[PDB]
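Have a look at the structure below, then the notes.
Protein chains: 6
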Amino acid sequence: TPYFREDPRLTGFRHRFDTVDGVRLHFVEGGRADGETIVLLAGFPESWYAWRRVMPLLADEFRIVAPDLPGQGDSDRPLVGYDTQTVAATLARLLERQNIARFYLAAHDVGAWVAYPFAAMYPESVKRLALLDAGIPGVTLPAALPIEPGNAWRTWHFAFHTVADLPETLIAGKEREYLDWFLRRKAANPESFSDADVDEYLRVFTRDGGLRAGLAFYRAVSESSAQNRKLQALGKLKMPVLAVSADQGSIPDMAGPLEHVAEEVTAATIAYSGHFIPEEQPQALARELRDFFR
Amino acid sequence: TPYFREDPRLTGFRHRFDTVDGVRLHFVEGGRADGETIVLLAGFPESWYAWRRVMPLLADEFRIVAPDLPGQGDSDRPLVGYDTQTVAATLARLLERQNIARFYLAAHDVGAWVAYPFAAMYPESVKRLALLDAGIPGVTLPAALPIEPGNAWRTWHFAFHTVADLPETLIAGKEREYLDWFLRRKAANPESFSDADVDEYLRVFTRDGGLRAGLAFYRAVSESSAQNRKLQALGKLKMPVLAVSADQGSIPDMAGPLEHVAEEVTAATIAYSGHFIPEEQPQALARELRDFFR
Amino acid sequence: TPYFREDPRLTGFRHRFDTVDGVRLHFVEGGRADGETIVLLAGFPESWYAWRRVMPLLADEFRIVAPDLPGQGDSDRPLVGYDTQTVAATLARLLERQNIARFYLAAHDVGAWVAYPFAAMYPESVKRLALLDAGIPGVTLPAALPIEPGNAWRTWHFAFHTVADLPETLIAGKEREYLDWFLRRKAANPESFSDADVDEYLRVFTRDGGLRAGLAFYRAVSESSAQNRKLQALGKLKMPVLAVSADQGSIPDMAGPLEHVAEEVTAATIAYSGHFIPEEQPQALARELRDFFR
Amino acid sequence: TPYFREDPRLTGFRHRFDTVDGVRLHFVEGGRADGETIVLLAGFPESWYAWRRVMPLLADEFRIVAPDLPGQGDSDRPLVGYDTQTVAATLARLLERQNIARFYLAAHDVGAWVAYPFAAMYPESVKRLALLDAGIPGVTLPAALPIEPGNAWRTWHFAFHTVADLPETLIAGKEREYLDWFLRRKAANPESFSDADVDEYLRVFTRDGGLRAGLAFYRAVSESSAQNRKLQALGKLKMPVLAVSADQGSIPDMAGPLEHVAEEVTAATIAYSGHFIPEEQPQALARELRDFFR
Amino acid sequence: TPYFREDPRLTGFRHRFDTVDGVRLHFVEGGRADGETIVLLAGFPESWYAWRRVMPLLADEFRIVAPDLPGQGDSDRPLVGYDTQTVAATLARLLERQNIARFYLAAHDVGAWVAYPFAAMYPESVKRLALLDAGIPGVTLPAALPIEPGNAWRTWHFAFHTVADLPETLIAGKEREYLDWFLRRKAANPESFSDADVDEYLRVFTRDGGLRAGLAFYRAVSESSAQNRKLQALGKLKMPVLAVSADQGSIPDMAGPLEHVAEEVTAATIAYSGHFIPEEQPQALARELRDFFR
Amino acid sequence: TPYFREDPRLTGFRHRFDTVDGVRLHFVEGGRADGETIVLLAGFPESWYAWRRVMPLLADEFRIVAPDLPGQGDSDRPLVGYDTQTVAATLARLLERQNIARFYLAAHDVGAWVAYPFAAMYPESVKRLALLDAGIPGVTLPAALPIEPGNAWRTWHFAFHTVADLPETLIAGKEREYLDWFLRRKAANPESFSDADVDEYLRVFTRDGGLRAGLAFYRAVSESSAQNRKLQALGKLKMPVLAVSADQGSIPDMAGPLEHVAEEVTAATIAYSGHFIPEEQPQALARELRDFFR
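Residue numbers (the entry's author numbering), protein chains in the order written: chain J, 16 to 309; chain I, 16 to 309; chain G, 16 to 309; chain H, 16 to 309; chain F, 16 to 309; chain E, 16 to 309.
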């Protein structure tokens, strides 16, 4: 038996590791043993931990799997392979090895970057797709982003992260301030993140290669964009897509651009939420997901 | 007589200060006493010093005035007023007290941001206008800027600079690294800047309020942008305009968008030059200005 | 439902955030659900927390809302808008969004600076006004302040705070010493502030932009003064005004100068109190407010 | 013979020390040996060195003595005695020991605070008096000073310096930043002070008891004010008084207020000068002094 | 009602502050409400806290008032006035404001410096006087002090403290070492001071102006001596005076020299005690004071 | 021949070392090869270097030997033996090994402490004795030294140095400040010590065991005193003694008390000099020594 550990708080959820062609991946699994499976993907600068408030609310009805993608949380941080097709194929191999054959997929922020090529490459495993307050490189994320005061703070980090070496130079010694700004400035209510939450995100941020790996997603975005444009030309996604917005989120209109990549788009807006919907309005989000994942 | 000081290197040029409504401005003046006047404006993260290699080349024929704008170099750094109309009016006042009634105007980078409303507001004062490798807020600077790796590094700083407090936090203790990145990464040949050149820019960067004032221009960009849009609607620019591009500059096409704002646009591209045309190709730029300023 | 959090100490009071035209504001609300409403404003270098000892004494009978103004406590710190007309308009928008249409207003220190243009601009929303130990820019705060050693310490900070860049330079690394001096030297009994109290004020003083925002109120005092003198010429305040001074406070006579801006001015002096009346004599002040707010 | 040292730059001027009732005082003396004597007094945060540009211009005609007052430059720093009557009496004793019985007196800044009670107590020794850009405590210096941003930076330091212990706490580790602000922000042209000039003022500023003694003059101001009114009520000054203003100086009108303390007041304004007239416009000032000291 | 706080350890004693002509003074009061009053004064480097072990032992019989003198403990630290006649007058004003008209006075170390001019100036208010291990400047304190190694350590700090600026320079960064030496080296048993006791003395030693004000008493000693010689020429003290020695104290003979200044001198020596009698032998000292103040 | 080095500035003087019963002593020798010999002794906190300005003035006529005593300058610092009889014996052994049998002796400060038992023990070897501004332990140095603020700064260090361990603790890291105070505060003109002079004394002060050995002289003063009382009881010094005072020196009357220890005493006062006569008035001192040392 492989070693696993029960979460000290999420009763019934276990921390596991699995090594997938040399890449060790951390994931948390639990929930209803006989239920349909939900797979949850998080983004920057977070990890599986972002779903920690939604997971126990859905556990009564669903089987729940929340992995740390390569370069996230406690998973390994390879040197290359942060184009989203490679990340999705690695996720597919992790799920295959855990005998997760078909599931609902909900993905937030950069996690949604991974979810689009995943759904496009393995449509047979994704029964329904929910994308939360995020653009998709090359198909819905615009090639240019606003610079006018009032909106720039929402997207300034995109272009910054693509610059070589300078982000590492400026963030050094200022890691907690950088994280603190990202999390608390984009929430509707900053108290949605405790000091203990920031501590946890700082742990995986400053841990060997965390910053390098986080930036690598942005630095591979032009390759990921070209991949998605090739995939989009094969046809729109056929499975139902839920475009989940937040009334104070980063994306003004989620459903509109997604109608160009999916045949059936259902729109939902979460009230009283900034960008971090799974942590800010877990109940409201759980409700939409449970209702859509049917 | 006010105190003035001869430049230890630019023979015939003198450093002066004048106080304009409580605001002291540093400027360097020289050249042919009987000549037609050229006024030279520089941008971020520089000062009058950016023109130090062009100024002696034109001194034989023209009378040259190179001021530090408010918030630049050795000029004072007021707390507000960095919308470009207020900066332009402050500049106009300085020129009046120096009995500069009519002149040619060449402006680089954020200096060019000031040059557009100045020429729009004081049409008679500006004989001819040269704008060098810069967008003008709200009229030639697009409302959205590239995020593709490969072009995003040219413009990422716009949105970053608009964010409150985070830039001061990240730049602290890394002022030289930040400045060095701007100068050497955006030049075609980084040896266009000696270590002594960087030392001089660092001196004015780190002096009392240097960073604050530099950031203040970007943080006021929505207001300048609206101001420029308002004057935009009042007619095209009166006087002839030379749109100077650099083949490796920040702006792909300078002449094109300026045709939307001026009656007579003359196009010029400086070869083998990055963003810092006055320092990278002084001789070629001086010739273009010498021929256009007739 | 928005996320809110009960105060662990002020039982029956909840911490909330609301976003007003891009600016997120923190506020604490509680008290008797069917009572009349009192709105409480604090000044420098404090926050809503300065009312923490008065709030439970009035909660039996009044509805109580204590917001952090823009630039205070846990509210956002915009880059501009610290002229008190803009701040009062922002506060008005915040109150409207909570359907607080008519209320009693009590304001201390810089809080009173915002309270005056608020009462002048929205007289129908302010049933009665209480101003605590403060002058009002341009109408009751004198244009010159004392320099004699026995009095100069009460007002020296005013002019200091208007200087660009030097205050940030001198306070850096001495934030606690600066805070400690203000709170404990201006109270009649320095033990009115515990170490945990200073810790709390130090937390919000040192958070992103805390010093910048606190200083911005003083740096905009000339615009705030010009605004108030225009409002004063439209007529004096129409609602009853309570001028509360402290026998050891900063202002020798509150009622006197205020008779020129309000029609019915009632005077009260709290004994055994320095400048921080709500923290130094909370019952005495609660009695005066309870009696006046009828 | 006592040890003395020739100034390496001021030809004909010697640095001397003399002990005056336990207090060692440094002074620079030179100029025409049989000429009439000018005594030069400087203020905060300077020393005899502030007169270094005027002294050689007048040395042809006058014997010139430039002392460091107690608490200034290289003179001792007693613990008490910074009320200006005691400082003036100490200066008288120094001059008596150097056989200087009658002289012209020119005094700048806090030096002028010493000059007024000196002139009032020893009228037979002061042939004529020149006061430069300074108010005199209790007589021409107002009891309250302006606070509008625009003129507040000119006088903010007065009240600050009267505060016990906080100025030492805030200035510690920022001595050069504090000095640099005072000298360069208050001059019409900041290049009137070289780096080596700031270095010299920093040397005497950071030397044992330097800050304590400089601040002590402001802290004794109320005693100094009371002394001066006792003298000012005993009759106007008898000798001619030259009130020297600067067009960009700290004080709007010098001659006006001085007409109440002296029978014969002559007005002079030095053009293109900030507060530091002896360093900023030495030739113009020397001409005014030579012309008046007649 | 003024704010007061019960001492967490001393039953029946309250911490208070009162403002006396601008100077806020901290004091601890308690004991038998209708009992006769004892006022207790401490010296360097201590505070009211030095009496904390004697105070409960006398509280059954006497009303007890233990103030921090100006410059001590949590009392304000004015800039000047540490000549002991001025301190005594400040103490007198504090006692009058508390309606303490006639009382017993027991004073230790520099506190005894204050008590002698107090009793000479206000003989009707001092029923009886106890002076503990201290000389009186100019009157019992010798003009020269020992240099022999075996005893010079008892008094070396006297002359050291009068030196300007050098003490601050040497003690900086060594405050705890300096205090520890004073308290523990002069006690007969160094365990008379716990680490928590040293912590408390360090807190008030290192607070704003603590070292400055502590030294000021010694720096004004020649003014205090001249004052005491004038007072002594008016006649010897008429009330009974108790001269309290310690067998290992700083002063070899208390009673001898005091017979020249007081008419009735009672001698007492406390055994097994160093200089800090109130803390080292509280019960023996309390019995002597009780027997003498009855 | 032993290695010796010529002094780089004092031409004709050589630096030498010799070992005396395990203790290396550094000394400088030069002057008239066939002249009579003067041995020169310096004190705290100096070395032979204190005589560098006197040595060349006498070198034309006299043979001059200026040693570093044990614990001074570049000589060894033994662990014990700082009673002045042991030091004098160590000096005697050095002079014998260099075949200096009879000579004039001039001694300053602690050097004079050594000169007295030397002259008392080896009278045939000392032709004449000159003592410069110093008392002699137990015979001329009083057992108590004055503590008026006006005079305590001259002698406070005696008692301080006798305290175990605290001087090392307080002086650590402040060696230059401590030296600077000693040298420049006791000179009539502090410019008698250059920064290079202070550098030289700081070098030997800070050299390993420098502070320990310097303090050891003061810590042994009581043994030295008892030795000196025994020797004096054997008779007055029989050779002529010159008592050299300074008009601003440490010792008010030198010749007076010396009349009790020597048979014939000549008095001389050097004008315009603080304590450090050899450095402050080298020419005046050279003339007096010259006239007496015949």
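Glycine included, each C-beta is placed from N, C-alpha and C at the ideal position.
#1: Kindly list, in the order they appear in chain H, the residues whose Cβ is closer than 9 Å to that of F/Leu185.
#2: Give me the chain G residues within the contact set of I/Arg234, using Cβ-Cβ distance strictly less than 9 Å, ordered along the chain.
#3: So which residues of chain C does H/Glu190 contact, with C-beta pairs closer than 9 Å?
#4: According to the Cβ coordinates, are residue 310 of chain I and J/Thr184 closer than 8 Å?
#5: In its own chain, which residues sit with a C-beta less than 8 Å from the C-beta of I/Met136, not counting the 5 before and 5 after it?
#6: Less than 8 Å between the C-beta atoms of H/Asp75 and H/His41, yes or no?
#7: Using a Cβ cut-off of 8 Å, pull out every chain H residue sitting near F/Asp180, in sequence order please.
#8: I'd like to check one pair, J/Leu147 with J/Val259: are the Cβ atoms closer than 8 Å?
#9: For J/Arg117, which of helix, strand or coil comes out of DSSP?
#10: What in chain E is Cβ-close to H/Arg20, meaning under 7 Å?
#11: So which residues of chain G does F/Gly37 contact, with C-beta pairs closer than 7 Å?
#12: Whose C-beta lies closer than 7 Å to the C-beta of I/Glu215 among residues of the same chain, with five residues either side of it excluded?
#13: Taking the straight line between their C-alpha atoms, what separation do you get for I/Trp128 and H/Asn204?
#14: For the alpha helix (DSSP H) containing F/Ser207, name the first residue and the last one.
#15: May I ask whether a heavy atom of the ligand GTP can be found less than 7 Å away from the beta carbon of F/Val102?
#16: Excluding sequence positions up to five away, which residues of its chain have a Cβ less than 8 Å from the Cβ of F/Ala235?
#17: What does the alpha-carbon distance come out to for the pair G/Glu44 and G/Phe77?
#18: Locate the beta strand (DSSP E) running through H/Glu44, then write down its first and last residues.
#19: By the criterion of Cβ-Cβ separation under 8 Å, what are the contact partners of G/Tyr287 in chain F?
#20: Roughly how far, in whole angstroms, is the beta-carbon of G/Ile285 from the beta-carbon of H/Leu160, given that I think they are within contact range, below 8 Å?
#21: The alpha helix (DSSP H) with G/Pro293 in it runs from where to where?
#22: Starting from the N-terminal side, write out each stretch of the beta strand (DSSP E) that is 3 residues or longer and does not extend beyond the segment 157 to 216 of chain I.
#23: Within a Cβ cutoff of 8 Å, which residues of the same chain sit near G/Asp223, ignoring the five residues on either side of it in sequence?
#24: Determine, for H/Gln263, whether the minimum Cβ-Cβ distance to residues of chain I falls below 8 Å.
#25: Where does E/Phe32 sit, in a helix, a strand or coil, going by DSSP?
#26: Rounded to the nearest angstrom, what separates I/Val80 and F/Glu190 at their Cα positions?
#27: Rounding to the nearest angstrom, what Cα-Cα distance links E/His30 and E/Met70 in this structure?
#28: When the Cα atoms are used, what is the spatial distance from E/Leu226 to E/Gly46?
#29: Taking the beta strand (DSSP E) that E/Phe59 belongs to, which residues open and close that run?
#30: Show which residues of chain H have a CB atom less than 7 Å away from the CB atom of I/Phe28.
#31: Would you please verify whether the beta carbon of G/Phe175 is less than 8 Å from any beta carbon of chain H?
#32: Out of E/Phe59, E/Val35, E/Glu303, E/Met269, state which residue places its alpha-carbon closest to the alpha-carbon of E/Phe232.
#33: What residue ranges within the segment 215 to 294 of chain E form continuous alpha helix (DSSP H) runs of no fewer than 4 residues, ordered along the chain?
#34: Compute the Euclidean distance between the alpha carbons of F/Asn243 and F/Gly250, then round it to the nearest angstrom.
#35: Go to H/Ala104, then tell me how far its alpha helix (DSSP H) extends in each direction, as first and last residue.
According to the data block:
#1: Your numbering for residue 185 of chain F matches position 170 in the fifth sequence. The premise fails here: F/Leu185 is roughly 12 Å from chain H at the closest Cβ pair, so nothing lies under 9 Å.
#2: What you label residue 234 of chain I is simply residue 219 of the second sequence in a count that begins at 1. Within chain G, the residues near I/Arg234 are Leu94, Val95.
#3: Protein chains in the displayed structure are J, I, G, H, F and E, and chain C is not among them.
#4: The question about residue 310 of chain I has no answer here: the residues shown for chain I are numbered 16 through 309.
#5: Counted from its first residue, the second sequence places residue 136 of chain I at position 121. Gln100, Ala103, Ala104, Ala107, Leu246.
#6: Position 60 of the fourth sequence holds residue 75 of chain H. Position 26 of the fourth sequence holds residue 41 of chain H. No. Outside cutoff.
#7: Counting from 1 along the fifth sequence, the entry for residue 180 of chain F is found at position 165. Near F/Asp180 (Cβ distances below 8 Å), the residues of chain H are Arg92, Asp223, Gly224, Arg227.
#8: By 1-based counting over the first sequence, the position of residue 259 of chain J is 244. By 1-based counting over the first sequence, the position of residue 147 of chain J is 132. Yes; because the gap between Cβ atoms is below 8 Å, this pair is in contact.
#9: Against the first sequence, residue 117 of chain J aligns to sequence position 102. Here J/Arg117 sits in coil by DSSP.
#10: Position 5 of the fourth sequence, counting from 1, holds the residue named residue 20 of chain H. Ordered by position in chain E, the residues that pass the 7 Å Cβ test against H/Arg20 are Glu206.
#11: The sequence position of residue 37 of chain F within the fifth sequence is 22, counting from 1. Near F/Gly37 (Cβ distances below 7 Å), the residues of chain G are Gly165.
#12: Taking the second sequence and counting its residues from 1, the one referred to as residue 215 of chain I is at position 200. Counting only Cβ-Cβ distances below 7 Å, and skipping sequence neighbours, we find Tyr64.
#13: Reading the second sequence from its first residue, position 113 is the one you call residue 128 of chain I. Reading the fourth sequence from its first residue, position 189 is the one you call residue 204 of chain H. The alpha-carbon atoms of I/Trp128 and H/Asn204 are separated by roughly 27 Å.
#14: The residue given as residue 207 of chain F occupies position 192 in the fifth sequence. Counting along the chain, F/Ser207 falls outside any alpha helix (DSSP H), and DSSP gives it neither H nor E.
#15: Of ligands this structure carries none, so the ligand GTP is not represented either.
#16: By one-based count along the fifth sequence, residue 235 of chain F stands at place 220. Contacts found: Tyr97, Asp98, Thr99.
#17: The residue given as residue 44 of chain G occupies position 29 in the third sequence. The residue given as residue 77 of chain G occupies position 62 in the third sequence. Answer to the nearest angstrom: the Cα atoms are 11 Å apart.
#18: Numbered from its first residue, the fourth sequence carries residue 44 of chain H at position 29. Here the beta strand (DSSP E) through H/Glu44 covers 38 to 46.
#19: Counting from 1 along the third sequence, the entry for residue 287 of chain G is found at position 272. Near G/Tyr287 (Cβ distances below 8 Å), the residues of chain F are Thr16, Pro17, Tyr18.
#20: Translated into the one-based positions of the third sequence, residue 285 of chain G becomes position 270. Translated into the one-based positions of the fourth sequence, residue 160 of chain H becomes position 145. The Cβ separation is near 29 Å, so there is no contact.
#21: Working through the third sequence from its first residue, we reach residue 293 of chain G at position 278. Here the alpha helix (DSSP H) through G/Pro293 covers 292 to 295.
#22: 159 to 161
#23: Within the third sequence, the letter at position 208 stands for residue 223 of chain G. For G/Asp223, where only same-chain residues beyond five positions count, the Cβ hits under 8 Å are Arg92.
#24: Mapped onto the fourth sequence, residue 263 of chain H falls at position 248. Judged by the 8 Å Cβ criterion, H/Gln263 is in contact with chain I.
#25: On the sixth sequence, residue 32 of chain E is found 17 positions in, with the first residue counted as 1. Strand, per DSSP.
#26: Position 65 of the second sequence, counted from the start, is the residue given in the question as residue 80 of chain I. Position 175 of the fifth sequence, counted from the start, is the residue given in the question as residue 190 of chain F. Each residue's Cα considered, the two are about 58 Å apart.
#27: Mapped onto the sixth sequence, residue 30 of chain E falls at position 15. Mapped onto the sixth sequence, residue 70 of chain E falls at position 55. Taking the straight line from one Cα to the other gives about 13 Å.
#28: Within the sixth sequence, numbered from 1, the residue matching residue 226 of chain E stands at position 211. Within the sixth sequence, numbered from 1, the residue matching residue 46 of chain E stands at position 31. About 32 Å.
#29: Taking the first residue of the sixth sequence as 1, we reach residue 59 of chain E at position 44. Where E/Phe59 is concerned, there is no enclosing beta strand (DSSP E), given that its DSSP letter is neither H nor E.
#30: Against the second sequence, residue 28 of chain I aligns to sequence position 13. Neighbours of I/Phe28 on chain H: none; closest Cβ ~14 Å, over 7 Å.
#31: For the purposes of this step, residue 175 of chain G is identified with residue 160 of the third sequence, where counting begins at 1. Yes - at least one Cβ of chain H is within 8 Å of the one on G/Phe175.
#32: Position 217 of the sixth sequence, counted from the start, is the residue given in the question as residue 232 of chain E. Minimum Cα distance to E/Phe232 is reached at E/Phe59.
#33: 225 to 234, 236 to 247, 270 to 273
#34: Indexing the fifth sequence from 1 puts residue 243 of chain F at position 228. Indexing the fifth sequence from 1 puts residue 250 of chain F at position 235. Their Cα atoms are separated by approximately 11 Å.
#35: As a first step, residue 104 of chain H is located in the fourth sequence; it is residue number 89 there, counting from the start. Start and end: 99 to 112.
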